[PDB]
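There is one chain below, alone, in structure tokens, taken in the form deposited in one PDB entry.
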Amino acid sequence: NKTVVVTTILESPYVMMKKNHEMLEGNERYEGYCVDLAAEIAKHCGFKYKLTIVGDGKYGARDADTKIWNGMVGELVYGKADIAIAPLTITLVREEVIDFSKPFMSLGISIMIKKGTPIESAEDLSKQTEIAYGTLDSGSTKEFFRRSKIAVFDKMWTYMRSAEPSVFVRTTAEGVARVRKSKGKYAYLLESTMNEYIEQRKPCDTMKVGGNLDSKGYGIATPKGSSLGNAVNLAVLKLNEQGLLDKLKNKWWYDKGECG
């Protein structure tokens, strides 16, 4: 057996640097839902591991011209990492190049607004131009709008793709900051899981509105043909059935909520 190289991404509250990470080493430098999940998965599958933060800080997309995969998906595809344990959305294009465990968490694209913003749905956003809106610059959310044939979402994509200044952001933190500093003139489309987390964070000035636009899940990913695939999948199912995944979500989302 060899130490398993785990690729993941800095995204709250999945993986975050501990306040005093400078005084720590190895896996101890990080904390979060996926850090806890990695420990449980490794324990149940019987392997030693090393957490690493994805080099380019991306989730995973294929360049239409070079055909090269970036982000965590890329690290798995090219063998730079053995497994990805992060909020990586299970999608068809990814399932074609890597393997996914059954989902360990549910989510859907949602709307985040600065409290008081006169928006209640995606339809509302699409029917007005006063309030700008966008998504994470790369990832499954952006692709959802790019590919959607649903009238409302296609109308939103047409606006976002040519809006200026750009409505796309590099990170969730940037999207949240933009919502918080735009006096209600910017709304952010992001995964419900991140939205729900931020809503319970000071200064408690954001809120999730409307229902989710879709329904999907995050899965643990391995390179196709990996000897870890089967065990990891069974571990996810066992952890869900034992109520551990629900326990972990409450721990990182609500137990220490900062908004009452």
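Basically, rigid core = biggest C-alpha set you can superpose within 1.5 Å across the two forms. Numbering starts at 1 and follows the sequence shown.
Form deposited in another entry: not shown, discussed below.
The Cα position of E96 differs by less than 2 Å between this form and the one not shown after fitting on the rigid core. The rigid-core alignment places the CA of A187 2 Å or more apart between this form and the one not shown. Core-superposed comparison between this form and the one not shown: the C-alpha position of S106 differs by less than 2 Å.
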